[PDB]
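> Structure incoming, see below.
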4 protein chains.
Amino acid sequence: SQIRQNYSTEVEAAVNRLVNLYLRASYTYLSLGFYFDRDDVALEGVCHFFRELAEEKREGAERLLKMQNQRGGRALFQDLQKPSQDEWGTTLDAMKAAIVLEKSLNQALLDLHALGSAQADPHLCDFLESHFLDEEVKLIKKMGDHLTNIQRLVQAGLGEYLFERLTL
Amino acid sequence: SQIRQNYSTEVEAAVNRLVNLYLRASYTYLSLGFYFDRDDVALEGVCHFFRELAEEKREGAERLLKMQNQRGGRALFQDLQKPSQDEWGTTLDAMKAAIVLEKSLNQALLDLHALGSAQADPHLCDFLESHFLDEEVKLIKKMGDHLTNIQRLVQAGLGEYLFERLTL
Amino acid sequence: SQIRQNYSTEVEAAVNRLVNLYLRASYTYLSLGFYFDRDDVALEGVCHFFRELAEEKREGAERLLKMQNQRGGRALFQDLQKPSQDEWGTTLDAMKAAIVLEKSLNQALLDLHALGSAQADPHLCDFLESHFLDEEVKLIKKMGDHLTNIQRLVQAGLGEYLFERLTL
Amino acid sequence: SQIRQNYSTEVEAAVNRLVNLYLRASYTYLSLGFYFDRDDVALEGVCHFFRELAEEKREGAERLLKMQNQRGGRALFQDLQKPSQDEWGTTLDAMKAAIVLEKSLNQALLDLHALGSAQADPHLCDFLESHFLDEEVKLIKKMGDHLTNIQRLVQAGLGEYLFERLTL
Ligand SMILES: *CC(F)(F)OCC(F)(F)F
Ligand SMILES: *CC(F)(F)OCC(F)(F)F
């Protein structure tokens, strides 16, 4: 590419992998959201919480793709695997799966940062530090807070209703 | 001091002690607030309640310091001891510790008032009666009200959540 | 902590130390401010300059504490030592002590950054670079500018009055 | 008087004396103000400072007279002695005389408070504490601040001009 400068093939490939990860995460949240929209689950605040996250993760993928083109890398898309579950259980079960998912995204961001440091790619470093790293830390904190409140409320049916009504 | 009039050394020293007490109280509320911000505690209304009190106590210290200078006394600062606990337990535990703290501040205000009366210092009397005594009485009443509601709600996890959501 | 990821015990402890440093700095500026409010010193612009800095340093401590909780670290508070002086001399003396204080905070920030780099903690790096490092550089520059103007003005009483009136 | 209750003859007489003192003080400030309006003195900010105080002291007398009637006491007016000087020297000389004057008013307020305490007259106590005691403390502090700045500026002609221009 005529514009490519200081952009390693290793980072280019890792950015493509991270896009697949973010799109996978968006798909997982789409599934979570619609599960809570089921007439036999029916927790609107939980559905909305996850649908909002689906959007956020899709936007993350799009930010990575824009950056890939800015650096003169080439987007390569792969199959997107279906979410790990078809049914997500209680709000607690779902929030547990969500924090696991966010930690995996966070670790992937940290790995990419490490790669960028190794390749002396300060533009990549800044990009991740600016658009991703703190967003992830904040989200994981919020999920931790929710998990604690969910667990304090477990009795169980009453707690799930109240959390959806009064927190979400 | 060129401006000093009817301002005893005993009151000057007691005012300095009271400043240390108010700053200690601010520090204790800072600790309480951040404890409730922990991801494994996560009671936002409780955190906000105590952070607001940290501010109020700091402002009290500043009011005392301004008055000290107005009277021609000299501010003398001492080490500030760390709060009595690192972890504050339940909302109930915390509110109990808070009312204990406020009663100690109140007693210190009353002792200073008594000292002012003994020294026939009506400006000091007015200062305390105007800026501190009723504020303390009102705060202690509010904490008493909270304690009663907390105790009525104790089961326990559900009660703590509901109090934070619906009162704080 | 359920949320903790890539957050070393070394950084957690250093963050706690830095909180103590910032609170110490706030206390030092509180003392500086009220000294200049003395009827026998009476430099209102100087008092306001330092009282504003007390607030800024307290806010820095609070930012560090919020971050500590975001990362799943645990705030640990220690005794706060009293400021190094009870009386602060001239505006020049005070500004000299202030720049010494800011340089020590700056060095502590740089040490923490180095620690973060060694622990490959890019979130910490970004946090410090975003909220602290440039604020410190700007503040130290402003103090340097003031010192130069103060020194140019030293005769002495006239210079101190004019600097307070026309710069502060 | 049909309305008189718990109002001693001693307090009634002391209130009349205090009125004479406040009117004397107003007259002294009138003289100070017009001295600084002299073409051979010509310090407008100083003239305005003292003319404002003349008004404040007259208003104090009027407040005391209103209170006297509220309590069913009887106003008794006496000759008003002329101010202690015809010419007031420098700004420094004048401010020195002003702080002496304010301290004498303050002492008179404190004596009246003591008298009220001895006569168990809480309405009088409140009246003085509310309308006079803190006003006096604040004024004396401000004069102390001015004296310090004046003295720092003394060379002499330049200092007097600058203080009038930049503080008053
Ligand atoms: C965000 C989600 F995965 F759901 O959607 C991805 C795509 F299919 F591209 F819309
Ligand atoms: C900022 C200062 F140190 F002054 O205050 C600290 C605390 F005591 F916590 F208010």
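Ordering of the structure tokens sets the chain letters (A, B, ...); residue numbers start at 1 within each chain; ligands are numbered from 1 in the order shown.
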All residues within 10 Å of ligand 1 are required, counting only C-alpha atoms and all ligand atoms; please report them as a PyMOL selection string.
chain A and resi 20-31+51+53-62+80-83
> Mind listing as JSON, numbers by chain which residues of chain B are within 7 Å of chain C, counting only C-alpha atoms?
{"B": [37, 38, 39, 69, 72, 76, 77, 78, 79, 80, 81, 82, 86]}
> C:41, C:120, C:7, C:113: which is nearest residue C:89, counting only C-alpha atoms?
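Closest candidate: C:41.
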> Could you jot down the atom CA of residue B:42 to atom CA of residue A:145 separation for me, Å, one decimal place?
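Value for the atom CA of residue B:42-atom CA of residue A:145 distance: 5.1 Å.
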> What separation in Å, quoted to one decimal, exists between atom CA of residue B:154 and atom CA of residue A:153?
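For atom CA of residue B:154 relative to atom CA of residue A:153, the distance reads 12.6 Å.
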> Fewer than 6 positions away in the same chain doesn't count, so skip those; otherwise give me all residues within 8 Å of residue A:95, counting only C-alpha atoms, as a PyMOL selection string.
chain A and resi 143+146-147
> Would you kindly return, as JSON, numbers by chain, each protein, DNA or RNA residue with an atom no farther than 12 Å from any atom of residue A:134, considering only C-alpha atoms and excluding same-chain residues fewer than 2 positions away?
{"A": [106, 109, 110, 126, 127, 128, 129, 130, 131, 132, 136, 137, 138, 139, 140, 141], "C": [67, 70, 71, 121, 122, 123, 124, 125, 126, 127, 130]}
> Separation of atom CA of residue D:107 and atom CA of residue B:10, in Å?
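Result for atom CA of residue D:107 versus atom CA of residue B:10: 19.8 Å, one decimal.
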> Within stretch 56-123 of chain B, find each residue whose DSSP state, derived from the backbone, is alpha helix (DSSP H), and express the selection as number ranges by chain.
B: 56-71, 91-118, 122-123
> Store the residues of this selection in a file with N, CA and C atoms, as a tab-separated table (two decimals), in the first residue's frame.

```tsv
chain	number	residue	atom	x	y	z
B	56	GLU	N	-18.61	17.78	53.28
B	56	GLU	CA	-19.18	18.60	54.36
B	56	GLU	C	-18.19	18.77	55.52
B	57	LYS	N	-17.49	17.70	55.88
B	57	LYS	CA	-16.57	17.78	57.02
B	57	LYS	C	-15.34	18.60	56.67
B	58	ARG	N	-14.86	18.47	55.43
B	58	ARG	CA	-13.74	19.29	54.97
B	58	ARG	C	-14.14	20.77	55.02
B	59	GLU	N	-15.35	21.06	54.55
B	59	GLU	CA	-15.85	22.44	54.58
B	59	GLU	C	-15.96	22.99	55.99
B	60	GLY	N	-16.35	22.14	56.93
B	60	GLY	CA	-16.36	22.52	58.35
B	60	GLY	C	-14.98	22.92	58.83
B	61	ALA	N	-13.97	22.11	58.50
B	61	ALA	CA	-12.59	22.45	58.86
B	61	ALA	C	-12.18	23.80	58.29
B	62	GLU	N	-12.53	24.05	57.03
B	62	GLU	CA	-12.19	25.29	56.36
B	62	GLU	C	-12.89	26.49	57.01
B	63	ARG	N	-14.14	26.31	57.43
B	63	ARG	CA	-14.89	27.35	58.15
B	63	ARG	C	-14.20	27.70	59.48
B	64	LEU	N	-13.74	26.67	60.19
B	64	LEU	CA	-13.01	26.87	61.45
B	64	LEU	C	-11.69	27.60	61.22
B	65	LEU	N	-11.01	27.25	60.13
B	65	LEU	CA	-9.73	27.88	59.83
B	65	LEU	C	-9.91	29.36	59.47
B	66	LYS	N	-10.95	29.66	58.69
B	66	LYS	CA	-11.26	31.04	58.32
B	66	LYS	C	-11.54	31.86	59.60
B	67	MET	N	-12.36	31.28	60.49
B	67	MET	CA	-12.71	31.93	61.75
B	67	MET	C	-11.47	32.18	62.62
B	68	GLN	N	-10.57	31.19	62.68
B	68	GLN	CA	-9.32	31.29	63.44
B	68	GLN	C	-8.55	32.55	62.99
B	69	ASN	N	-8.36	32.69	61.68
B	69	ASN	CA	-7.72	33.89	61.13
B	69	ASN	C	-8.52	35.18	61.39
B	70	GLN	N	-9.85	35.12	61.28
B	70	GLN	CA	-10.68	36.31	61.57
B	70	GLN	C	-10.46	36.84	62.98
B	71	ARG	N	-10.24	35.92	63.93
B	71	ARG	CA	-10.07	36.28	65.32
B	71	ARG	C	-8.61	36.59	65.66
B	91	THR	N	-23.92	-1.85	55.13
B	91	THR	CA	-24.45	-0.49	55.23
B	91	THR	C	-24.78	-0.17	56.68
B	92	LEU	N	-25.38	-1.14	57.37
B	92	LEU	CA	-25.71	-0.99	58.77
B	92	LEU	C	-24.45	-0.72	59.61
B	93	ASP	N	-23.41	-1.54	59.44
B	93	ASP	CA	-22.14	-1.36	60.16
B	93	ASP	C	-21.60	0.04	59.95
B	94	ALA	N	-21.59	0.47	58.69
B	94	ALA	CA	-21.07	1.78	58.28
B	94	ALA	C	-21.88	2.92	58.91
B	95	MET	N	-23.21	2.85	58.81
B	95	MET	CA	-24.07	3.87	59.39
B	95	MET	C	-23.89	3.95	60.92
B	96	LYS	N	-23.71	2.80	61.56
B	96	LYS	CA	-23.41	2.75	63.01
B	96	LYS	C	-22.11	3.51	63.32
B	97	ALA	N	-21.07	3.25	62.53
B	97	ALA	CA	-19.78	3.92	62.73
B	97	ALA	C	-19.92	5.41	62.46
B	98	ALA	N	-20.71	5.77	61.46
B	98	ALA	CA	-20.95	7.17	61.13
B	98	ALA	C	-21.64	7.93	62.27
B	99	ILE	N	-22.67	7.34	62.87
B	99	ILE	CA	-23.36	8.03	63.96
B	99	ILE	C	-22.45	8.19	65.19
B	100	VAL	N	-21.62	7.18	65.47
B	100	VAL	CA	-20.58	7.28	66.51
B	100	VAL	C	-19.63	8.46	66.24
B	101	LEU	N	-19.16	8.55	65.00
B	101	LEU	CA	-18.31	9.65	64.57
B	101	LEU	C	-19.00	11.01	64.74
B	102	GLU	N	-20.24	11.13	64.28
B	102	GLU	CA	-20.95	12.41	64.41
B	102	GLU	C	-21.20	12.84	65.86
B	103	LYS	N	-21.55	11.88	66.71
B	103	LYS	CA	-21.67	12.15	68.14
B	103	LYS	C	-20.38	12.65	68.76
B	104	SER	N	-19.24	12.09	68.35
B	104	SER	CA	-17.94	12.58	68.85
B	104	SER	C	-17.66	14.02	68.38
B	105	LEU	N	-18.02	14.34	67.13
B	105	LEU	CA	-17.86	15.71	66.62
B	105	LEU	C	-18.79	16.63	67.40
B	106	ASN	N	-20.03	16.18	67.61
B	106	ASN	CA	-21.03	16.97	68.33
B	106	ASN	C	-20.53	17.28	69.74
B	107	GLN	N	-20.02	16.26	70.42
B	107	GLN	CA	-19.49	16.43	71.79
B	107	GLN	C	-18.32	17.43	71.79
B	108	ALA	N	-17.45	17.32	70.79
B	108	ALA	CA	-16.36	18.28	70.66
B	108	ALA	C	-16.88	19.72	70.46
B	109	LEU	N	-17.93	19.89	69.64
B	109	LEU	CA	-18.57	21.20	69.48
B	109	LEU	C	-19.13	21.71	70.81
B	110	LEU	N	-19.82	20.83	71.54
B	110	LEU	CA	-20.39	21.22	72.83
B	110	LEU	C	-19.30	21.60	73.84
B	111	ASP	N	-18.21	20.84	73.86
B	111	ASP	CA	-17.07	21.16	74.74
B	111	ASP	C	-16.48	22.53	74.41
B	112	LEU	N	-16.33	22.80	73.11
B	112	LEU	CA	-15.82	24.09	72.68
B	112	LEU	C	-16.79	25.22	73.05
B	113	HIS	N	-18.09	24.98	72.89
B	113	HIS	CA	-19.08	25.96	73.33
B	113	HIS	C	-18.95	26.25	74.83
B	114	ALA	N	-18.78	25.19	75.62
B	114	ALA	CA	-18.66	25.35	77.07
B	114	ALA	C	-17.44	26.20	77.40
B	115	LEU	N	-16.33	25.91	76.72
B	115	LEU	CA	-15.08	26.64	76.86
B	115	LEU	C	-15.31	28.12	76.52
B	116	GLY	N	-15.95	28.37	75.38
B	116	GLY	CA	-16.32	29.75	74.98
B	116	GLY	C	-17.16	30.48	76.01
B	117	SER	N	-18.17	29.80	76.57
B	117	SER	CA	-18.97	30.37	77.66
B	117	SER	C	-18.10	30.73	78.86
B	118	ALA	N	-17.24	29.80	79.27
B	118	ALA	CA	-16.32	30.01	80.40
B	118	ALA	C	-15.39	31.21	80.16
B	122	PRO	N	-18.59	35.61	73.29
B	122	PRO	CA	-19.87	35.47	72.59
B	122	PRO	C	-19.73	35.33	71.07
B	123	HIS	N	-18.66	35.86	70.48
B	123	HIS	CA	-18.49	35.66	69.04
B	123	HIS	C	-18.32	34.17	68.72
```
> Please provide as a ChimeraX atom specification all residues within 6 Å of residue A:47, with the sequence filter that same-chain residues fewer than 2 positions apart are discarded (counting only C-alpha atoms).
/A:33,36-37,44-45,49-50
